[PDB]
Amino acid sequence: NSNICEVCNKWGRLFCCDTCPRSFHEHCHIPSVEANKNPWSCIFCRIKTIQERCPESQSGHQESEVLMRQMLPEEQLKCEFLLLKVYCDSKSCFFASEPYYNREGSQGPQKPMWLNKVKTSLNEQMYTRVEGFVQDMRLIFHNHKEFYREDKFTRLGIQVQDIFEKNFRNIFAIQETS
Ligand SMILES: [Zn+2]
Ligand SMILES: [Zn+2]
Ligand SMILES: [Zn+2]
């Protein structure tokens, strides 16, 4: 096994996957690393199994059909993995915890949103369709773009949204386009 957490790249109290060499902090893994279960298989492993059991699941899909899917177990897992892929980027620190807004010339968003809020919402099964999760994710970056206006800090939202969008297209096998 690796000696650092796959998500945050730090050592510490790590739980090791039994079917691959990755390791995790307890609350870095999504869902949080399960109490018992020997062997234990990480989310990366669980996602790879879905693909292996249904190879046709990798054929191209339309985003509109993906968004309308109900949050059954496999779509729940995919959203958890997508969320975790965002946390994997160190720039996710800016979007993790609850923001506050007091900048001359700007007004805060009407609906603040942040990664840990999305994490809780997934844990509490608050999304009934993929669309709910994707909307909240995209709202994080849209709120950031609007608030920071012409400040160069707006670029952090572009950057992390790009990681989100690339991973969304990969995990949900969105049809490739020009
Ligand atoms: Zn970690
Ligand atoms: Zn694994
Ligand atoms: Zn099949």
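Both counts, for ligands and for their atoms, begin at 1 and track the order of listing. Nothing fancy with the numbering, it's 1 onward along the sequence.
- The atom of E56 nearest to the Zn ion (ligand 3) is OE2, with the search restricted to N, O or S atoms.
- Side chain to side chain, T19 and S41 meet the donor-acceptor criterion of an N or O pair below 3.5 Å.
- In this structure the side chain of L156 reaches within 4.5 angstrom of the side chain of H144, judged on heavy atoms.
- When SG of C20 and SG of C45 are joined through the Zn ion (ligand 2), the resulting angle is 100° to the nearest 10°.
- The Zn ion (ligand 1) forms the vertex of an angle spanning SG of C28 and SG of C8; to the nearest 10 degrees it equals 120°.
- Angle SG(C5) to the Zn ion (ligand 1) to ND1(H25), rounded to 10°: 100°.
- Side chains of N116 and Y87: a donor on one and an acceptor on the other come within 3.5 Å.
- Using modelled atom types, one finds a donor on one side chain and an acceptor on the other under 3.5 Å when comparing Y127 with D136.
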